[PDB]
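Structure record follows, encoded as structure tokens.
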Amino acid sequence: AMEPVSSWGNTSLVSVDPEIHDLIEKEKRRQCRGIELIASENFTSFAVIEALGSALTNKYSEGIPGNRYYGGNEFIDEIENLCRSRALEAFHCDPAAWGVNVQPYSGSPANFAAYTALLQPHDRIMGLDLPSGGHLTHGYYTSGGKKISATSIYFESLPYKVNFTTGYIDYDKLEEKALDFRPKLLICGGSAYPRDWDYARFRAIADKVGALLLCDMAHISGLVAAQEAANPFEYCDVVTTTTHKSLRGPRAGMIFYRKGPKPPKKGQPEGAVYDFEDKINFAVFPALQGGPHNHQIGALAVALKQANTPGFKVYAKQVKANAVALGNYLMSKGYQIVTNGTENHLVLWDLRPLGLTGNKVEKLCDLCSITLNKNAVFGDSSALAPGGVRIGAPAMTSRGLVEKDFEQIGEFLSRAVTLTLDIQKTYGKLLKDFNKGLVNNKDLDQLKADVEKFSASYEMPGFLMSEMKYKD
Amino acid sequence: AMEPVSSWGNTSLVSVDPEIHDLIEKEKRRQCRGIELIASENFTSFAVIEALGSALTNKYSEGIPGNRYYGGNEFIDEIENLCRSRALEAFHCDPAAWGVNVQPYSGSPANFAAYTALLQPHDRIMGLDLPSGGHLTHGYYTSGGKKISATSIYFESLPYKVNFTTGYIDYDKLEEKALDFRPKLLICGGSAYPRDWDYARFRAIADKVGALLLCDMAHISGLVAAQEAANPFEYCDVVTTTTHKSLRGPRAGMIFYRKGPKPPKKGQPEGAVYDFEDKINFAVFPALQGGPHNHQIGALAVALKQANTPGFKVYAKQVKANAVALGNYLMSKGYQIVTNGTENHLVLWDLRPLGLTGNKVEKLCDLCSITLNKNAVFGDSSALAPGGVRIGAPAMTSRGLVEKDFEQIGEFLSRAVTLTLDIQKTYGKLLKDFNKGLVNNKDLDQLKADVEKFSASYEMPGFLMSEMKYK
Amino acid sequence: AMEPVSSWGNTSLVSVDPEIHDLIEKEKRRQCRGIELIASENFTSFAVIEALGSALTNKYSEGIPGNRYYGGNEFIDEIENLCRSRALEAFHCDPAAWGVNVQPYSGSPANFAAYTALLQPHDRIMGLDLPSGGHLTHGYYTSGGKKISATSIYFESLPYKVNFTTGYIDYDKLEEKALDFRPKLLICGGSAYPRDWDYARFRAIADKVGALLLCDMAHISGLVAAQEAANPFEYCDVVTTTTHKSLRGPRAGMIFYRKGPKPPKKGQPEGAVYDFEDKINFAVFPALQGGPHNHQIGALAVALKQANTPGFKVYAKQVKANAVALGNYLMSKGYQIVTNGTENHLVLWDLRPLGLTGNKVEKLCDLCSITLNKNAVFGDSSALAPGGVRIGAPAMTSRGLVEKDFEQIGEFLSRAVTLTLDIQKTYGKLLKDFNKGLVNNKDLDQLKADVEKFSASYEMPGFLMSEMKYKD
Amino acid sequence: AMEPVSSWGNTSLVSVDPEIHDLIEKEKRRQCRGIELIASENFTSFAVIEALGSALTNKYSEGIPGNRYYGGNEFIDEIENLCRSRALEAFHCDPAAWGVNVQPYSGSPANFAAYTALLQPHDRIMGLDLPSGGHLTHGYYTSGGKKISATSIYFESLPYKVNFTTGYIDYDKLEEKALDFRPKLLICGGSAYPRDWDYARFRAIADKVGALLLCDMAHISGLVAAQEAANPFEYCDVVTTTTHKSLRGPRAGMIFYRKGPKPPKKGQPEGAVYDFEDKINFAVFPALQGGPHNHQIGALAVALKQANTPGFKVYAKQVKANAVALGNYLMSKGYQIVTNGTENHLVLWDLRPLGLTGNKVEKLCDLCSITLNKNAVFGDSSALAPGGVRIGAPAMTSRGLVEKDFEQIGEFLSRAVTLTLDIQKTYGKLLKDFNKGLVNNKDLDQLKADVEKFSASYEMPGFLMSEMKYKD
């Protein structure tokens, strides 16, 4: 006789699996007690989480609204239709001119499905170089010829770079490379670029070379929705994105695409219309994915309602103000940040004038509950180790921090790199020598204590600190 | 001034987004007031759902445990390590001989990651034909040459088929085709095959052509774990799977791969070891995916603990017994099911002797709250419309139903097919004429009321019916 | 000062390069003192050879008539236009329905240019399996997965086979395979098939799968021109060929292609015309080849004028009659030939009922001035060594031999096989042991003397035996 | 009842095919009554032509010497062995360190076989841009992305260019592009570059990216053999070539390749040996070609003996001296040539200061029996039409012309461009209007008469003007 539904199927997690419950509670405390500066990280809302953890996971719904493979989809269809319509609203798109597919499981699935829809295998693609701040999904191969990204495995990629002196995208060199290489797809957007993008110039270049133009706005999508960044939809054919990061939603992806008549073009028929919609939907399903994750789609619909509010626009402004305040604090102490400022959510800190690598600063910061990541500076790939760190404002801004709180984060960071220099001075630059300073270091222990006391004093979206298992 | 954190960030869904809360409540009612017979569907536990909706969604953890790109992953690592060890335990794998990657976002990403790891672009692949019960991810192109599956877009696929007459896999024709085509990868496993798989013969055939052998056990993984189906790990190089369907977990995928010393093969260096682990891990990340969905991984760990219990084995046996009881009931009424029985969780009902297409039955059933799906029968890819339906036992067995209950489902299905025949008699075979009978049909109305009364009488996992909005 | 023009530039070969002159003279003697049974070989006319060795080699003429890259092509254009129209005439083609490109350097270039014109890289192709009598250029990979043919390197091939019992093409199994594999191109034609081809059935199969249909008629082109074989042009979209072999011309290739209105079809616009011409021309140049070999094209024009005569049809009839006579002779001695006959220029002799490999017979025959070649039988690839030999009539028919002379060739072959059996009896079946009987063998010596006396008694086209350096 | 062998088979071309005989005679007169300035053109010897037009055309010899598929090859083997040894000797190669395959049907087949042997489909290749003086076989795709060369269809090509100001190869931009693109094969060699090549620098660049280094020496091979050009074999892995053009042989190709121990390198296993020989032979046959053209191989053997003489070195010196004399003559009259000189067999004349396109000069020259061709200048591809012409010295040098005679060619070319300007002045720059001056133009008729009288005063290799049908 089967174990009754009430026993295996309705009992709470704490009773069914205490081991996993305890680990989630330790993770909740860790999220409270640290300074989260990873620029792709955020803390999403309880309401998002409630839709994410729901019976929507129980429904297979292959196809799209109106064109499903089987039945029972009356309410899945309303949810997905509402999610699509809220996505277009949040990004201020006319539905007569733009559509969206909200089924991609995450950002990288969204990008590969866009490529699969738009290109043939082996077609040429250009994206921002990884050491210049691009993302793996935009193409990456090593100097030894090893194809790392599946984009470089299944297509033919060539990167473009920032100017090695200024840290800005070298638009003239990109134009020159694209005229030589003739990509079928030109990608803009990136993961570690501290300035806004000139989409109008990308459109000029794409038109010269005959390329499709795609923007991957994953890192900045919250700023785009809030009209706190340049609008890629004004110039790009397709726009991909994650829904987490600065949009503060669940982990998922979206693909936006143009619809309707095409703008006037050289020697090509009158009345021509875009033909992206069917290709993109078909690439997502049946080509690449299986059943949608309807709980993710439901949670995304919640996130998009939350993003299309006056409150979210104030958040987006504060994210930017906090990044500027942190960058200015660091610069005031003599530190050097790439381009000497920022226009978005992140700062790139050049550690070479300190004689440090980002590997050392990242390792020491992680030991005092500050999470950031090493990052190449000025597009360099010849340095043994990356010469900088990337630091982002979205996550701590979501916990209510404002400029003065980010200036205190700046001083914690200044303390961290001072300790890092102290270790390197005492023990040396070699990592097995540097590691000697990371154990039994009372100054490091004290910085960890200060960081955790600071972090633990702010609110937290998504769960109630007052009810968590580990409150200290 | 920013909105307080508590306002946007801690308020419940019912208050933040009443529209979406209301649609989830309507869907909750729909799930426990219908007869869910879609063979890939199941109803997972509240414990899984609680880990799924958790703060684990807030952590980026690119890499694998012990080799992460970022810091702060001390507890993510413990969760993923526990998930991996529980997956190996559920499927009775020696960790010295098998590893697993639990990051694939779903079943289809798991398969494409496995192909990326093991194959070069345009390498040849063979899998069960979609009309014979295979899955899209095993390859599919149309008679017109259109490449539908990404597997057929980026690789070179060729399907193998069931026997036209018996409905069993034709292993002799498969071996003949594999000798001619010389796949680099032979895929076993399927989505609509009602019998178990001769893995030993797949290994014999793979060895004759020097192919890798992969089993996609997505549909039967719960039966495999409970040792209620033959074990593909005994013979396959790699096993991919979903974690929902018969395994009753979250939507996610896993890739299992051999590790350690290889068994003897002529032309193989003494001491040779498998080299799958690094290639599979690398294909998942950095090649294809980005950050893992750690809430899925935590929820999967819960599901794998629940699966590795005596209770789950009782469930898996009951799923099979319910599928048999339903198949036997239909055959007792004179209906025809493919291979005249089943060895797993599903039954294929051949509707051709009735003069009915699968879509007519699927449509009428959906209007009386019975969800199944049309399905080709005996590998047929000529017929205008599929000639059968596929019915699965996992989801309703999860609501506590046993053989007698599945015999009542059988009577509901008999009534549905009778009503379909009645409409076809009166309005005709053209779908545009048939549809006229689906409106203002008092027989159809009554069948729906009966089905929903029936479905209402059983328990429901994952949420409390006593708390739902629409009772 | 430079060497005077008349010294290096006008002096005869005999004086400029006595070493090569001597070698050509030894090869001329070899050609008219042996029995040439290689089914792909012929002996061409002096008039072809005079055009082949001419000042036409000095002219670069990239492009096609009416559309060259260079000037100075007035007379080259006239020659190439003549050659094209003579090609269409020789194969009874309406020039409104068919065109031809005569620039391919040889047969294998003609095939690859056709694939490049018609297909995308990695498209699927089906041709007759090499062990079933197909050609390497139709696709060939080993059981170990080694891609041997460029066709299998750059495209995706799958072969079809003869019936393993009867030796005929298994058309039902071909249709079954084509429906599964769905090639974009189906190839017919072969190098070692003793029967004619059911082109109507290939067309029915190609239409069922939507394939283009190509005939590589290289081996039988002279028979086709003479209307002594079924006409591939009635059913195939494209026909490729060598111009040597049974057509008796220089070594070159041609690609014929349909032009003008298409036959009725589903989903095809009314008034649709074939679109092969520009693609095939462009594939030959600029895609694959460089300057045409105008001496080849001039020599080909001569051969096509010679092929379109009553006398050539009599020759083609005689070729067939001689192959049948030889096959009948062998069968009357108890030997076995595949399909128990022939309908074209060649015979496939099954040596397995004699306990012999084709390798042994080919080697002993070669030492006795009989040239043929080993060949698989009944499509077998599992054997160690091929179990048969292929024998063709075109070359010795060109020296004037008729049925009774080919029956004498049969008796030489019987003697050769009897000698091979005697050697195998004395020295063994292992090839290394067998070879011991091929040195200082009195009966081998005698058979060689008799073969060469026989061969020397016939006329020889292409050069004057009365003027050659080595007459005895 | 066959036609007698002597009738179709031994009768002379003049009797068998008067139409073709007549056209070859017209082409013979055209060759020795005009000024041949096509830099890829030459006039080969009668001795070469005698081997080219010979019974060697009758022999199938698939395989290589010592590894043939069937028999009868005793003398074909001696010829091909002698051809290969004479090729290595003419290019001063140690046969322990270099091998050669002499079967490629022409230059473009030689290149594609080398690519098939060395590379996988879609591998990256870099070669000199067509507008910068490269060859189609090195890669070519249009600005619209149309893949023109098979090299660009089956592989992934990217060109490098000359400096737009100086006309020399821009080695710095080449190294920059190779570092970004990471080709598997770097190609040097070209069709319209007037300076020598820095092979040592190409090797430095190839080593930085791990590429193979191939030289296509087709245009300069006679200079390389004569040690009148830098030696590509010192630095390249593989060298391909035509055998016509400056080497003055038949139309054929060769692939040379290193063998034996590899030179020391970092990360290179000790004792490493080259692995090209089998891959290249196998690519030529069976992968790409069928039977060798043994008449081309014999004619090539002749040409290689003629090339390895002191007389040929004086020819190569004179070719270069004649190109310099012509370039200096044009510069003395105020014309501009690219790089202000030449180091090889050709000159590039920049017509832009005159307001002329090469199209107009080439067409007017063709009308007065001067054959040259238009050519892009300084790597420009933006012009509506090329701004230069390319002029080569090999063909007229082979008819015995020396510096004084090339200065008369220079004055003839000055007269041609002066008349071209006259037509343009009176009718206009639109080629539609320009053509109005090319008919019934008295100065144009007189220049033609002066050119043909001059040309008739020189000797002619390959045939006897005293025996030709169409004398003056």
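Along the chain as shown, residues are numbered 1 onward.
The header says X-ray crystallography, 1.7 Å.
Cβ coordinates come from backbone N, Cα and C, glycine included.
Marked as N-acetylmethionine by Swiss-Prot on the basis of a large-scale study or a structure entry: B:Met2. For B:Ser40, B:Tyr60, B:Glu62, B:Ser106, B:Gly107, B:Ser108, B:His135, B:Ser191, B:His219, B:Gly291, B:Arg390, the entry in Swiss-Prot reads pemetrexed binding site, with the evidence type experimental evidence. Residues or ranges marked as L-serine binding site in Swiss-Prot (evidence: similarity to another entry): B:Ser40, B:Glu62, B:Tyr70, B:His219, B:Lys245, B:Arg390. Under the heading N6-(pyridoxal phosphate)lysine, Swiss-Prot lists B:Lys245. Here Swiss-Prot flags B:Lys374 as methotrexate binding site.
Among the recorded positions B:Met2, B:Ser40, B:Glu62, B:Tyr70, B:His219, B:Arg390, the ones whose Cβ sits under 8 Å from a Cβ of chain A are, in sequence order, B:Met2, B:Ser40, B:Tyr70.
Maximum intra-site Cα distance, L-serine binding residues B:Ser40, B:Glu62, B:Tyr70, B:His219, B:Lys245, B:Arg390: 46 Å. Annotated pair B:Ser40 (pemetrexed binding site) and B:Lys374 (methotrexate binding site), C-alpha to C-alpha distance, rounded: 13 Å. The Cβ neighbour count for B:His219 (pemetrexed binding site), using a 10 Å radius and every protein chain shown, is 29. Checking the recorded positions (B:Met2, B:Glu62, B:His135, B:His219, B:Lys374, B:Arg390) against B:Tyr70 (L-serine binding site) with a 10 Å Cα-Cα cut-off leaves B:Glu62. Put simply, B:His135 (pemetrexed binding site) is 49 Å from B:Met2 (N-acetylmethionine) when counted between their Cα atoms. Using Cα positions, the member of the binding-site residues B:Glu62, B:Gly107, B:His219 nearest to the residue listed as 'methotrexate binding site' is identified as B:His219.
There are 21 other Cβ atoms within 10 Å of the Cβ belonging to B:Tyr70 (L-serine binding site). Separating the Cα atoms of B:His219 (pemetrexed binding site) and B:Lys245 (L-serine binding site) is a whole-number distance of 6 Å. Each of the binding-site residues B:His135, B:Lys245, B:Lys374, B:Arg390 was scored by other CB atoms within 10 A of its CB, and the lowest score goes to B:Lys374. Taking every protein chain shown into account, B:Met2, B:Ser40, B:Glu62, B:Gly107 are the recorded positions, and of these the Cβ with the most other Cβ atoms within 10 Å belongs to B:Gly107.
When the alpha carbons of B:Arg390 (pemetrexed binding site) and B:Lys245 (L-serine binding site) are compared, the span between them is 15 angstrom. Secondary structure at B:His219 (pemetrexed binding site), taken from DSSP and collapsed to helix, strand or coil, is helix.
Taking B:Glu62, B:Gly107, B:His135 as the binding-site residues under consideration, the smallest Cα distance to B:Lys245 (L-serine binding site) is found for B:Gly107. The DSSP secondary structure for B:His135 (pemetrexed binding site) is coil.
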